[PDB]
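Each remark here refers to the structure printed beneath this line.
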Amino acid sequence: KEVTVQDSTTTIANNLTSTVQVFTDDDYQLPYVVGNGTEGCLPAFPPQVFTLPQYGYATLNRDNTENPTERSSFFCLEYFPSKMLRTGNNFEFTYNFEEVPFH
Amino acid sequence: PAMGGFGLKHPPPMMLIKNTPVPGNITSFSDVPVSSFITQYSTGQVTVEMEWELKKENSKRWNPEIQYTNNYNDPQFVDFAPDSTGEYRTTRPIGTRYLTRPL
């Protein structure tokens with residue numbers, strides 16, 4: 001959906017030619033932020049619509065300050081191969097859990 | 001191990017070596033063991049061949065990493081090489097942890 005603002009009209013239209021990019025990180029090469037107890041999960045109640053969280057991470061900082069280290073790393077997420085989807089396209093992924101003990 | 005490396009239940013066995021004794025001149029019979037021997041030593045060569053399995057570094061870090069480099073300001077000698085007398089010199093310790101990886 002493309003949104004435009006002229007003199008506070010704020011119209012919204014749908015861009016049929018525009019794309020979205022999706023990739024799954026299979027090799028665990030990015031900082032993994034999911035299991036840390038933070039918001040943005042699918043809602044508890046199915047009717048609810050939710051926003052996806054913004055991805056971000058913290059690397060090494062120096063001397064308990066805001067400055068970086070030489071081992072502070074930058075990960076570009078454009079440098080993964082990803083799948084580009086228009087309106088008619090869809091994405092599918094399958095995963096098998098490793099053997100764990102029963103809760 | 002606290003000092004480092006690989007704990008092994010069955011490590012590489014100990015390889016033990018001695019010079020077999022050659023008695024000196026004994027002209028009589030005695031029931032006490034021979035205490036007089038020809039003094040001698042031995043020399044030779046030993047070759048060891050080890051095979052190592054390696055784990056490739058697979059990383060999406062964008063920016064360059066820290067490397068072990070040969071870096072000295074106004075060196076009077078080259079490090080890890082013989083001296084003018086022939087004495088082999090190692091100035092600094094070298095560990096294995098340089099490449100960086102996310103948790």
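Labels used: A, B, ... for chains in the order of the structure tokens, numbers from 1 for residues in each chain, and numbers from 1 for ligands as shown.
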Near chain A, meaning an atom within 9 Å, which residues of chain B appear when counting only C-alpha atoms? Write them as a short mmCIF file (atom, residue, chain, number, x, y, z; two decimals) with N, CA, C and O atoms, in the first residue's frame.
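Saved the output as iface21.cif:
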```cif
data_model
loop_
_atom_site.label_atom_id
_atom_site.label_comp_id
_atom_site.auth_asym_id
_atom_site.auth_seq_id
_atom_site.Cartn_x
_atom_site.Cartn_y
_atom_site.Cartn_z
N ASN B 58 32.17 -19.91 8.26
CA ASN B 58 31.04 -19.51 7.43
C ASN B 58 30.34 -18.32 8.09
O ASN B 58 29.49 -18.48 8.96
N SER B 59 30.60 -17.11 7.59
CA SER B 59 30.14 -15.92 8.30
C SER B 59 29.64 -14.85 7.34
O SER B 59 30.18 -14.66 6.25
N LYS B 60 28.59 -14.16 7.77
CA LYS B 60 27.96 -13.07 7.03
C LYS B 60 28.38 -11.69 7.53
O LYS B 60 27.74 -10.70 7.18
N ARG B 61 29.37 -11.62 8.42
CA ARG B 61 29.92 -10.33 8.83
C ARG B 61 30.35 -9.53 7.61
O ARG B 61 31.05 -10.04 6.73
N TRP B 62 29.92 -8.27 7.54
CA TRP B 62 30.22 -7.43 6.39
C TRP B 62 31.63 -6.87 6.46
O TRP B 62 32.40 -6.98 5.50
N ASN B 63 31.99 -6.27 7.58
CA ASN B 63 33.24 -5.55 7.70
C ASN B 63 34.40 -6.49 7.98
O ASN B 63 34.21 -7.64 8.37
N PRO B 64 35.64 -6.04 7.75
CA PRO B 64 36.79 -6.92 7.95
C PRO B 64 36.96 -7.32 9.41
O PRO B 64 36.45 -6.67 10.32
N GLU B 65 37.68 -8.41 9.62
CA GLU B 65 37.94 -8.91 10.95
C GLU B 65 39.37 -8.68 11.40
O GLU B 65 40.21 -8.16 10.66
N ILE B 66 39.64 -9.10 12.63
CA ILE B 66 40.98 -9.05 13.19
C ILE B 66 41.75 -10.29 12.77
O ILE B 66 41.24 -11.41 12.82
N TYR B 98 40.72 -15.21 16.88
CA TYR B 98 40.76 -13.99 16.08
C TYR B 98 39.46 -13.74 15.33
O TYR B 98 38.87 -12.68 15.48
N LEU B 99 39.05 -14.69 14.49
CA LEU B 99 37.74 -14.65 13.87
C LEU B 99 36.66 -14.51 14.94
O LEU B 99 36.81 -14.98 16.06
N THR B 100 35.58 -13.83 14.58
CA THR B 100 34.54 -13.46 15.53
C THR B 100 33.25 -14.13 15.10
O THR B 100 33.02 -14.34 13.90
N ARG B 101 32.40 -14.49 16.06
CA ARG B 101 31.16 -15.19 15.76
C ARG B 101 30.07 -14.74 16.72
O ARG B 101 30.36 -14.49 17.90
N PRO B 102 28.83 -14.61 16.27
CA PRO B 102 27.76 -14.21 17.20
C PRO B 102 27.29 -15.36 18.07
O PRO B 102 27.34 -16.53 17.68
N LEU B 103 26.82 -15.02 19.27
CA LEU B 103 26.31 -16.04 20.18
C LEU B 103 25.01 -16.66 19.69
O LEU B 103 24.79 -17.87 19.81
#
```
Requested in this report: Report as a list in words: the residues of chain A with a DSSP assignment of strand (DSSP E or B), based on the backbone of this structure.
Outcome: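 Strand (DSSP E or B) assignments inside chain A correspond to residues 2, 3, 4, 11, 12, 13, 20, 21, 22, 61, 68, 75, 83, 84 and 85 of chain A.
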Would you mind exporting N, CA, C and O atoms of the selected residues as a PDB file, in the first residue's frame?
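So result-v4.pdb came out as:
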```pdb
ATOM      1  N   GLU A   2       0.718   2.078  -1.018  1.00  0.00           N
ATOM      2  CA  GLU A   2       1.424   3.347  -1.106  1.00  0.00           C
ATOM      3  C   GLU A   2       0.583   4.451  -0.475  1.00  0.00           C
ATOM      4  O   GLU A   2      -0.605   4.580  -0.769  1.00  0.00           O
ATOM      5  N   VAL A   3       1.198   5.224   0.410  1.00  0.00           N
ATOM      6  CA  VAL A   3       0.537   6.317   1.111  1.00  0.00           C
ATOM      7  C   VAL A   3       1.167   7.627   0.658  1.00  0.00           C
ATOM      8  O   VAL A   3       2.384   7.707   0.474  1.00  0.00           O
ATOM      9  N   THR A   4       0.334   8.635   0.415  1.00  0.00           N
ATOM     10  CA  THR A   4       0.792   9.945  -0.022  1.00  0.00           C
ATOM     11  C   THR A   4       0.072  11.018   0.775  1.00  0.00           C
ATOM     12  O   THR A   4      -1.083  10.840   1.164  1.00  0.00           O
ATOM     13  N   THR A  11      -3.998  10.184   1.406  1.00  0.00           N
ATOM     14  CA  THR A  11      -4.617   9.095   0.667  1.00  0.00           C
ATOM     15  C   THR A  11      -3.746   7.843   0.700  1.00  0.00           C
ATOM     16  O   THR A  11      -2.527   7.913   0.857  1.00  0.00           O
ATOM     17  N   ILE A  12      -4.389   6.687   0.543  1.00  0.00           N
ATOM     18  CA  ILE A  12      -3.711   5.398   0.480  1.00  0.00           C
ATOM     19  C   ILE A  12      -4.183   4.667  -0.768  1.00  0.00           C
ATOM     20  O   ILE A  12      -5.388   4.577  -1.021  1.00  0.00           O
ATOM     21  N   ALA A  13      -3.237   4.153  -1.546  1.00  0.00           N
ATOM     22  CA  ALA A  13      -3.532   3.311  -2.693  1.00  0.00           C
ATOM     23  C   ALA A  13      -2.642   2.085  -2.621  1.00  0.00           C
ATOM     24  O   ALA A  13      -1.666   2.055  -1.875  1.00  0.00           O
ATOM     25  N   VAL A  20       7.994  -7.348  -1.852  1.00  0.00           N
ATOM     26  CA  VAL A  20       8.459  -7.542  -0.484  1.00  0.00           C
ATOM     27  C   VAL A  20       9.542  -8.618  -0.537  1.00  0.00           C
ATOM     28  O   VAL A  20       9.509  -9.490  -1.408  1.00  0.00           O
ATOM     29  N   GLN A  21      10.525  -8.538   0.358  1.00  0.00           N
ATOM     30  CA  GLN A  21      11.644  -9.480   0.380  1.00  0.00           C
ATOM     31  C   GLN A  21      11.577 -10.328   1.640  1.00  0.00           C
ATOM     32  O   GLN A  21      11.327  -9.803   2.723  1.00  0.00           O
ATOM     33  N   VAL A  22      11.807 -11.632   1.501  1.00  0.00           N
ATOM     34  CA  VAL A  22      11.710 -12.574   2.612  1.00  0.00           C
ATOM     35  C   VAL A  22      12.878 -13.548   2.527  1.00  0.00           C
ATOM     36  O   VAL A  22      13.091 -14.167   1.483  1.00  0.00           O
ATOM     37  N   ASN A  61      30.627  -3.386  22.790  1.00  0.00           N
ATOM     38  CA  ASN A  61      30.961  -2.003  23.068  1.00  0.00           C
ATOM     39  C   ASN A  61      32.171  -1.978  23.987  1.00  0.00           C
ATOM     40  O   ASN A  61      32.557  -2.994  24.564  1.00  0.00           O
ATOM     41  N   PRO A  68      32.354   1.506  20.081  1.00  0.00           N
ATOM     42  CA  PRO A  68      32.585   0.127  19.658  1.00  0.00           C
ATOM     43  C   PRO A  68      33.995  -0.361  19.969  1.00  0.00           C
ATOM     44  O   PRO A  68      34.854   0.360  20.473  1.00  0.00           O
ATOM     45  N   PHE A  75      26.473  -6.736  10.350  1.00  0.00           N
ATOM     46  CA  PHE A  75      25.846  -7.717   9.479  1.00  0.00           C
ATOM     47  C   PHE A  75      24.864  -7.002   8.567  1.00  0.00           C
ATOM     48  O   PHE A  75      23.900  -6.398   9.042  1.00  0.00           O
ATOM     49  N   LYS A  83      13.992 -14.012  -1.193  1.00  0.00           N
ATOM     50  CA  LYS A  83      12.970 -14.215  -2.206  1.00  0.00           C
ATOM     51  C   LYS A  83      12.062 -12.999  -2.288  1.00  0.00           C
ATOM     52  O   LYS A  83      11.566 -12.508  -1.276  1.00  0.00           O
ATOM     53  N   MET A  84      11.843 -12.514  -3.503  1.00  0.00           N
ATOM     54  CA  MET A  84      11.088 -11.293  -3.740  1.00  0.00           C
ATOM     55  C   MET A  84       9.675 -11.652  -4.173  1.00  0.00           C
ATOM     56  O   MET A  84       9.491 -12.477  -5.070  1.00  0.00           O
ATOM     57  N   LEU A  85       8.682 -11.048  -3.524  1.00  0.00           N
ATOM     58  CA  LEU A  85       7.291 -11.454  -3.667  1.00  0.00           C
ATOM     59  C   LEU A  85       6.429 -10.268  -4.059  1.00  0.00           C
ATOM     60  O   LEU A  85       6.415  -9.252  -3.365  1.00  0.00           O
TER      61      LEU A  85
END
```
**Report entry** 12 Å contact set for residue 25 in chain B, only C-alpha atoms, chain neighbours under 4 positions out, as a PyMOL selection string
**Finding:** chain B and resi 29+34-38
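All residues in chain A with a DSSP state of helix (DSSP H, G or I), computed from the backbone, read residues 34, 35, 36, 77, 78 and 79 of chain A.
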Query raised in the report: So which residues touch residue 79 in chain B within 12 Å, counting only C-alpha atoms, skipping near sequence neighbours fewer than 6 positions away, as a PyMOL selection string?
Result: chain B and resi 69-72+87-93
Report task. Using only C-alpha atoms, pick whichever of A:33, A:81, A:86, A:41 has the shortest atom-to-atom distance to residue 58 in chain A. Result ->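 Answer, going by the shortest atom-to-atom distance: A:33.
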Requested in this report: Work out how far apart CA of residue 44 in chain A and CA of residue 88 in chain A are and give it in Å to one decimal.
Outcome: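 Answer for the CA of residue 44 in chain A to CA of residue 88 in chain A separation: 28.0 Å.
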